[PDB]
Participant: 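Okay, here's the structure, questions in a sec.
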Amino acid sequence: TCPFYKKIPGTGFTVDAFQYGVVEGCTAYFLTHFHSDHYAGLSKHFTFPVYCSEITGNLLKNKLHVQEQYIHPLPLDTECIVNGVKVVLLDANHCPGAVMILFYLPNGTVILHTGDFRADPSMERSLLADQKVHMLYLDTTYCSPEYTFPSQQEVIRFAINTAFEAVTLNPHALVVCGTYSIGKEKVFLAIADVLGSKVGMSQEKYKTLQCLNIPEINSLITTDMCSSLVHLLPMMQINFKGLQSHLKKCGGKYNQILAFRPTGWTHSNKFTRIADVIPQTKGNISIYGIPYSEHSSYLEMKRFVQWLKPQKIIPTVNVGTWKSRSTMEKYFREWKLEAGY
Ligand code: NI
């Protein structure tokens with residue numbers, strides 16, 4: 001049974017609610033982004049209308065085989081009518097194709113559903129600027145002040161500089177980057193660009209990347225591993241055993257691996273600056289955990305909410321425990337008292 005925080009009152013609509021069977025009263029299922037916790041339940045046998053971005057619709061058709069007649073892609077930043085209700089899709093600054101959804105209810109209420117997002121001051125100049133929002137359905141993944149991490153640009157600067165230094169010292173070093181979903185493509189693309197290489201990967205991953213409308217992608221990635229000095233592997237393989245095993249397969253072309261695990265936040269963030277990050281090493285293998293986030297920091301979240309000034313907040317993450325819920329409600333009230341709304 002579908003939980004309340006996935007239902008949009010006053011409409012026939014649900015958000016990210018595909019794992020509950022046929023939801024009573026739902027005439028249109030929105031999908032914010034192509035991450036498995038959110039698409040859970042979708043398949044080629046789905047026969048209701050799914051509304052989403054173009055990129056998400058490429059992935060539904062090619063990876064999950066949803067039939068084309070049920071996929072309804074909408075352009076961003078454009079007022080659209082769906083089943084009698086005005087909606088807008090906004091870039092969520094999450095993974096490729098991820099959106100926030102603005103719903104303009106028939107009774108005059110305006111609802112923003114962030115999906116998963118990384119708040120940014122650039123959102124203060126989208127179509128959000130033009131009117132009041134009554135209810136905010138908020139990605140609260142990192143809603144606690146201990147959650148600090150650097151900008152995505154500082155993280156990429158560290159990775160490029162690290163990779164270019166290592167391979168220039170040793171031209172026989174291979175770079176490996178872990179992945180288990182879409183998002184964080186800038187990590188492996190920026191490293192391959194500095195090294196003058198394409199990124200090598202499995203056929204299944206190449207297919208996924210080909211759905212993402214990235215400019216000049218055919219110039220950047222390949223399935224020919226032998227021709228590439230930046231390889232992508234499943235995240236589960238980014239450990240000393242998996243990397244040893246991979247180095248064997250490269251036929252003595254390489255004698256060292258430098259690997260990257262983009263994580264979200266890890267508690268090494270409470271003490272250490274990005275500049276000061278060091279790897280775990282065993283022999284000729286080094287592994288860096290880098291804090292590349294596609295969710296808001298606590299401070300970025302707070303800034304967005306204090307600018308938006310919603311009348312009510314409904315969290316969509318960390319909702320399963322009473323301690324979590326009570327923590328989040330306390331920060332919402334601080335924020336509102338501090339800013340005066
Ligand atoms: Ni996500």
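Start at 1 with the first residue, then count along the sequence. The figures that follow rest on heavy atoms only: side chains count, while hydrogens, waters and symmetry mates do not.
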Participant: Within a radius of less than 6.0 Å around CD of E68, do more than 12 heavy atoms belonging to other residues, nucleotides or ligands occur?
Facilitator: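 No, not enclosed.
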Participant: Would a hydrophobic clustering, with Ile, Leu, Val, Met, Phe, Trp and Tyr connected at side-chain separations under 4.5 Å, put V110 with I313?
Facilitator: yes
Participant: For the residue pair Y142 and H295, does the interplanar ring angle fall in the parallel (under 30°), tilted (30 to 60°) or perpendicular (over 60°) class?
Facilitator: perpendicular
Participant: So does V167 get a backbone contact from the side chain of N170, meaning a donor-acceptor N/O pair under 3.5 Å?
Facilitator: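 Pair absent, no side-chain N/O of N170 close to backbone of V167.
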Participant: Considering only NZ, NE, NH1 and NH2 on the basic side and carboxylate oxygens on the acidic side, decide whether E338 and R333 come within less than 4.0 Å.
Facilitator: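 No.
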Participant: Using the side chain to side chain contact (heavy atoms under 4.5 Å, CB included) rule, take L74 and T78 through it: C-alpha gap first, then chi angles, then the decisive distance, then the call.
Facilitator: CA-CA 8 Å; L74 306 174; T78 303; over 6 Å; no
Participant: With distance as the sole criterion, is a donor-acceptor pair present between the side chains of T27 and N83 under 3.5 Å?
Facilitator: yes
Participant: Could you go step by step and tell me if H38 and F34 meet the ring-ring contact (aromatic ring centres under 6.0 Å, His included) rule?
Facilitator: CA-CA 7 Å; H38 300 258; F34 193 74; over 10 Å; no
Participant: Is there a ring-ring contact (aromatic ring centres under 6.0 Å, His included) between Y29 and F18 once you walk through the steps?
Facilitator: CA-CA 8 Å; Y29 293 73; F18 299 89; 5.7 Å; yes
Participant: Looking only at the side chains, is there a donor atom on one of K207 and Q203 sitting less than 3.5 Å from an acceptor on the other?
Facilitator: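 Side-chain D/A pair, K207 to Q203: absent.
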Participant: Relative to each other, are the rings of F103 and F13 parallel, tilted or perpendicular (30° and 60° limits)?
Facilitator: tilted
Participant: Using a distance-only test with no angle check, is there a side-chain donor-acceptor pair under 3.5 angstrom linking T179 and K205?
Facilitator: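 Result is yes, a qualifying pair exists.
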Participant: Can you spot which of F188, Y288, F158, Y292 makes a ring-ring contact (aromatic ring centres under 6.0 Å, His included) with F260?
Facilitator: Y288
Participant: For the pair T114 (side chain) and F117 (backbone), establish whether a donor and an acceptor sit closer than 3.5 Å, ignoring hydrogens and angles.
Facilitator: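 No, because the side chain of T114 does not come within donor-acceptor range (under 3.5 Å) of the backbone of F117.
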Participant: Is the closest side-chain donor-acceptor distance between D116 and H94 under 3.5 Å?
Facilitator: yes
Participant: Can you confirm whether more than 12 heavy atoms, excluding those of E334, are under 6.0 Å from its CD atom?
Facilitator: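 Counting neighbours around CD of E334, more than 12 heavy atoms of other residues, nucleotides or ligands fall under 6.0 Å, so yes.
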Participant: Classify the ring geometry of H35 against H33: parallel below 30°, tilted from 30° to 60°, perpendicular beyond 60°.
Facilitator: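 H35 and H33: perpendicular rings.
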Participant: How about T222 and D224: does a side-chain donor come under 3.5 Å of a side-chain acceptor?
Facilitator: no
Participant: Does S326 reach the main-chain N or O of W322 with its side chain, forming a donor-acceptor pair under 3.5 Å?
Facilitator: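 It does not hold such a pair.
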Participant: Are the side chain of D276 and the backbone of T272 linked by a donor-acceptor contact shorter than 3.5 Å?
Facilitator: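 Between the backbone of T272 and the side chain of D276 there is no qualifying donor-acceptor contact (under 3.5 Å).
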Participant: Walk me through whether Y331 and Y298 qualify under ring-ring contact (aromatic ring centres under 6.0 Å, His included).
Facilitator: CA-CA 10 Å; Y331 291 129; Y298 173 85; 5.4 Å; yes
Participant: So among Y5, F30, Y51, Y137, which one has a ring-ring contact (aromatic ring centres under 6.0 Å, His included) with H113?
Facilitator: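 Only one of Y5, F30, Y51, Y137 forms a ring-ring contact (aromatic ring centres under 6.0 Å, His included) with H113, namely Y137.
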Participant: Under the ring-ring contact (aromatic ring centres under 6.0 Å, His included) criterion, do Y147 and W265 qualify, and how do the steps go?
Facilitator: CA-CA 7 Å; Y147 300 118; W265 172 93; 4.9 Å; yes
Participant: For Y104, does the six-membered ring have the charged nitrogen or CZ of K86 within the cation-pi criterion, i.e. under 6.0 angstrom from the centroid and within 45° of the normal?
Facilitator: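 Positive - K86 is close enough to the ring of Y104 and near enough to its axis.
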Participant: Just checking, any donor-acceptor pair under 3.5 angstrom between side chains of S53 and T56?
Facilitator: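 On atom types as modelled, these side chains qualify, holding a pair under 3.5 Å.
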Participant: Verify the distance criterion only: is there a donor paired with an acceptor across the side chains of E146 and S144 at less than 3.5 Å?
Facilitator: yes
Participant: Is it true that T327 and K323 share a donor-acceptor pair across their side chains at a distance under 3.5 Å?
Facilitator: no
Participant: For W335, is there any backbone N or O sitting under 3.5 Å from a side-chain donor or acceptor partner on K302?
Facilitator: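 Pair absent, no side-chain N/O of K302 close to backbone of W335.
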Participant: Are the charged groups of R118 and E300 less than 4.0 angstrom apart, N to O?
Facilitator: yes
Participant: Distance-only, no hydrogens or angles: does the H231 side chain make a donor-acceptor pair with backbone N or O of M225 under 3.5 Å?
Facilitator: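 Indeed, once roles are kept as given, a pair shorter than 3.5 Å links the two residues.
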Participant: Quick one about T140 and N318 (side-chain donor to acceptor, distance below 3.5 Å, no hydrogens or angles considered), yes or no?
Facilitator: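 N318 vs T140: no donor-acceptor pair found between side chains.
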Participant: Checking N239 side chain against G242 main chain: does a donor-acceptor pair fall under 3.5 Å?
Facilitator: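 Yes, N239 side chain to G242 backbone: donor-acceptor pair under 3.5 Å.
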Participant: Just one of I238, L258, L232, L233 clears the side-chain contact (heavy atoms from CB on, under 4.5 Å) bar with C177, so which one?
Facilitator: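 Per the side-chain contact (heavy atoms from CB on, under 4.5 Å) rule, the option paired with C177 is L232, out of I238, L258, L232, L233.
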